[PDB]
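# Structural overview for review
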Amino acid sequence: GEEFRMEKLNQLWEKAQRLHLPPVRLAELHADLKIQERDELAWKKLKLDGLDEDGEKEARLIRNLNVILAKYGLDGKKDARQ
């Protein structure tokens, strides 16, 4: 039930709100995140129904998430540990 049903998206969403992005720019990253959510969820359903056996459709998606983050400029990776 969380905004989306994919941990990656939820995790990223919580992160954005953490950056506190205004609604407008948050609709941009939230909306796109959703679009990617329709394709990402359609993916979780892909790998579930057995449509992509190598997860490429996940690849393109991930590359679309990566880009999404490189687009808003909210990537990073050296978190948690420090």
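Residues numbered from 1 in each chain as written, not as in the entry; some residues may be left out. Heavy atoms only, no water.

For this deposition, the record names solution NMR as the technique by which the model was determined.

## A word on helix α2 (residues 23-49)
In the structure, α2 departs most strongly from a straight axis at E37, where the bend amounts to approximately 25°. Restricting attention to buried positions, one finds in α2 the residues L26, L29, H30, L33, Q36, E37, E40, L41, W43, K44 and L46. Structurally, α2 contributes buried residues whose contacts are with α1 (7-19) and α3 (56-72). Note on α2: the residue one or two positions beyond its end, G50, has a positive phi of about 80°. (Bend = angle between axes of the 7 residues up to and from the residue. Helix = DSSP H or I, 4+ residues; strand = E, 2+ residues; numbered from the N terminus. Buried < 20%, exposed > 50% of the residue type's maximum accessible area, 1.4 Å probe, protein only. Contact = heavy atoms within 4.5 Å.)

## What about the pattern of salt bridges?
Going through the model one piece at a time under the given rule, you end up with two salt bridges. With its nearest N and O atoms 2.4 Å apart, the salt bridge here joins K8 to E40. In this pair, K8 is assigned in helix α1 and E40 in helix α2, connecting sequence segments 32 residues apart. Residue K8 is classed as partly exposed on the basis of its relative accessible area, which comes to 24%. Look at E40 and you get buried, because its relative accessible area is 0%. A salt bridge links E56 to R60, with the shortest nitrogen-to-oxygen separation between them at 3.7 Å. Taken together, the positions of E56 and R60, both in helix α3 and four residues apart, correspond to about one turn of that helix. Overall, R60 belongs to the exposed group, its relative accessible area being 59%. (Salt bridge = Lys/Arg side-chain N within 4 Å of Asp/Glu carboxyl O.)

## Structural notes on the side chain of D52
With respect to the element layout, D52 can be found in the loop between α2 and α3. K57 provides the closest opposite charge to the buried, salt-bridge-free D52, at an N-O distance of 5.9 Å. One polar contact links the side chain of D52 to the main-chain amide nitrogen of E56, over a distance of 2.5 Å. At 2.2 Å, the side chain of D52 and the backbone nitrogen of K57 are in polar contact. (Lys, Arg positive; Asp, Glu negative; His and termini not counted. Polar contact = N/O pair within 3.5 Å; in protein donor to acceptor, adjacent residues only side chain to side chain.)

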